[PDB]
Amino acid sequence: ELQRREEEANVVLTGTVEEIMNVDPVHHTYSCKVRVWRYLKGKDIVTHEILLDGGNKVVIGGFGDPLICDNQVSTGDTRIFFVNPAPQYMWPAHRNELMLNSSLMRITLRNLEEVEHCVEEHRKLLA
């Protein structure tokens, strides 16, 4: 469910796929260059852990991941991406990449509002 997906993704962002990158032969996945529009969660994590390209381009890996339902993209696609910075054990292959953690979501106000609500709910710890 969304609550779990949001909980397991330290970074959630919206963007459009600009280019399909290289395949990870060992893990059967591929990466893509994505132009970020807005961050719904974890902008600070990206800011401190990812070297952005051109100010708003990030490389997301993990596409094709057999364990993720909606895991494919084509150039021009726009989605809400649930990701986590690639851990070092995934380096060098995925160094500086955000890794897909769960299914890609379409850009609709409903999805935007719903994801934002889960992020906010979870953020509300003190409040």
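Start at 1 and count along the sequence shown; that's the residue number.
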In the PDB record, does 116 to 124 or 4 to 12 carry the higher mean Cα temperature factor?
116 to 124
So, looking at the entry's B-factor column for Cα atoms, which has the higher mean, 65 to 73 or 22 to 30?
65 to 73
Tell me which of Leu52, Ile45, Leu40, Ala86 tops the list for C-alpha B factor in the record.
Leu52
Going by the entry, which third of its chain does the Cα temperature factor of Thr78 land in?
lowest
